[PDB]
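Presented below, as structure tokens, is a lone chain in the form deposited in one PDB entry.
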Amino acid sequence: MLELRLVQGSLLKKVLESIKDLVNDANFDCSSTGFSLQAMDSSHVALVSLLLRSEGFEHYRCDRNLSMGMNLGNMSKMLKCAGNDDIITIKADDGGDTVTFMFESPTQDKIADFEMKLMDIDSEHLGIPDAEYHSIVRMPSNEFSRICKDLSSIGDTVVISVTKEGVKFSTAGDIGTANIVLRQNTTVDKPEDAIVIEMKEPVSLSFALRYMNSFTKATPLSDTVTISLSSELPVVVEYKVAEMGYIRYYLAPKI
């Protein structure tokens, strides 16, 4: 059987909000290691990799490795009904066609039971090697979100380039051109100034802002976002899920 009890239910709510607009249907893979997911958008242009480690759950029971195919929008609609302070439990019968989400208030004065139909999904999973990226940008998630929103109002493509002079986000459109250059502050003296730019080799790649903007739906999960770049690879945009996992977005470049 499957029974996963997550005390911080709001994390699951945020995770679903982060992926439902990128992928319509996807499989959630359960194993003794954790609750995960890997799926590409319909265009195979972007990929999302989610992992909630077993250690983050208060109760974790997964008798056998299993996969639950789900309509992400429907799962999100149900999770939207859980309170931000609710303890959420995912229950499933290995030989079942439905999944149950229990929503429990801390005092227990309220217990909700939401049940959803499971669907068969034959999704394509890709093998992703642990590479050492040439440039890595760790910056405030809110700032990354603003940059993508701002640039997308100007053009459709953003050129991200990292050199010893910092990281530049550039776009051009009908109304003109726009670029934003970020540099590490003298010190990390406040959250807004928490920008770390690691440059091993310079990198410059072009990406679709429409996708970048979808990735920013994970902003509420962390105050920080990490962008990893390499000349021969898709960009990786990562948001940590508390201290129990992550959501990693991969986006193929425009060349």
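Quick note: we count residues from 1 along the sequence shown, nothing fancier. Take the two forms, find the largest set of C-alpha atoms that superpose within 1.5 Å, and that set is the rigid core.
Remark: stretch with higher mean C-alpha B factor among 130-138 and 147-155 is 130-138.
Just going by the entry, 52-60 versus 210-218 on mean CA temperature factor gives the higher value to 52-60. In this PDB entry, residue 244 carries a Cα temperature factor that places it within the highest third of its chain's modelled residues. Residue 6: CA B factor lies in the middle third for its chain, per the PDB record. In the PDB entry, a CA B factor belonging to the middle third of its chain's modelled residues is recorded for residue 23. In the deposited entry, the Cα temperature factor of residue 199 sits in the middle third of values across the chain's modelled residues. Among the modelled residues of its chain, residue 238 has a C-alpha B-factor that falls in the lowest third according to the deposited record.
Here the subject shifts to the form deposited in another entry, a form of this protein not shown in this document.
Core-superposed comparison between this form and the one not shown: among 198, 201, 193, 58, the single residue whose C-alpha moves by 2 Å or more is 193. Relative to this form, in the other form the C-alpha atoms of residue 193 and residue 15 approach one another by 3 angstroms or more. Between residue 241 and residue 193, the Cα distance is smaller in the other form than in this structure, by no less than 3 angstroms.
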